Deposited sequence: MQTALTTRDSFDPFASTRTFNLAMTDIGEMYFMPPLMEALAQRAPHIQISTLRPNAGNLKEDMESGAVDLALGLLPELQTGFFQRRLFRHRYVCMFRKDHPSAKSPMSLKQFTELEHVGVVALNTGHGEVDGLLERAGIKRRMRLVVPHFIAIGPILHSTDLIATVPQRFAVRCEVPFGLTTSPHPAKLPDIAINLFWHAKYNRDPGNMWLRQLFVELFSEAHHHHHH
């Protein structure tokens, strides 16, 4: 298998967060390393497991607990939930006190586990004033920029939003779980030249 020569198409399951986290650097990497490969990505919900066997999908990335049968996996990284708001929010502060967190208004994302973030808050007596609720993360960044709403966001998602949308963060005041993002491949392809190649490239660019 020669990367610089290959015209193969690799297919990857990953979340939306995982999409705008992973792809940008990856594409930049590939531009110089494998200039003729093609990449396609899809969501873990449109389905998988079978597809990984069939060779329809090559790798998958996320907090996929479902996968644990004929599935090798390597941890890339963990990261924490953070609290994100516009740089000049009228009254938000870092580190945010849990007391203040209760008090402000939030946008919540329904969405990988995650999470069940909102479960832990509610059980700890903390009832957020939930002004908006969205299914996934695309609009989050703009929304914070144009309003005084705060959000509970995964750390590496925050990172890629701070500049474009002019927002900052705070360590999260509540006790929430760490986020363990993993790389998964089907055993049947453990010894596939090209697949191992992609695997290592990920491990390389992320860790």
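- Of the deposited sequence, positions 1 to 10, 57, 123 to 124, 221 to 228 lack any modelled C-alpha atom.
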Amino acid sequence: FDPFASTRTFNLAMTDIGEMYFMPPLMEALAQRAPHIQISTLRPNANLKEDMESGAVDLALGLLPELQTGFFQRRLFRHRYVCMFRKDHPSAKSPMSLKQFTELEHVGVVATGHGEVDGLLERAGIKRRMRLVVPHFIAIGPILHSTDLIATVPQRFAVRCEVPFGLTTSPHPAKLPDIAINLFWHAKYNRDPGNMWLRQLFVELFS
From here on, numbers count along this sequence of modelled residues.
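- For the pair 73 to 81 and 120 to 128, the record assigns the higher mean C-alpha temperature factor to 73 to 81.
- Annotation for 186 to 194 versus 18 to 26: the higher mean temperature factor (C-alpha) is found in 186 to 194.
- Remark: of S170, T152, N47, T41, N47 shows the highest value [criterion: C-alpha B-factor in the PDB entry].
- The PDB entry assigns the greatest CA B-factor among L67, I138, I143, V57 to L67.
- Placement of the Cα temperature factor of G108 within the chain: lowest third of the modelled residues, per the deposited record.
- Ranked by C-alpha B-factor against the other modelled residues of its chain, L63 falls in the highest third.
- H89: CA B factor in the middle third of modelled residues in this chain (values from the PDB entry).
- In the deposited entry, the Cα temperature factor of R156 sits in the middle third of values across the chain's modelled residues.
- Among all modelled residues in this chain, the alpha-carbon of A180 has a temperature factor (C-alpha) in the middle third.
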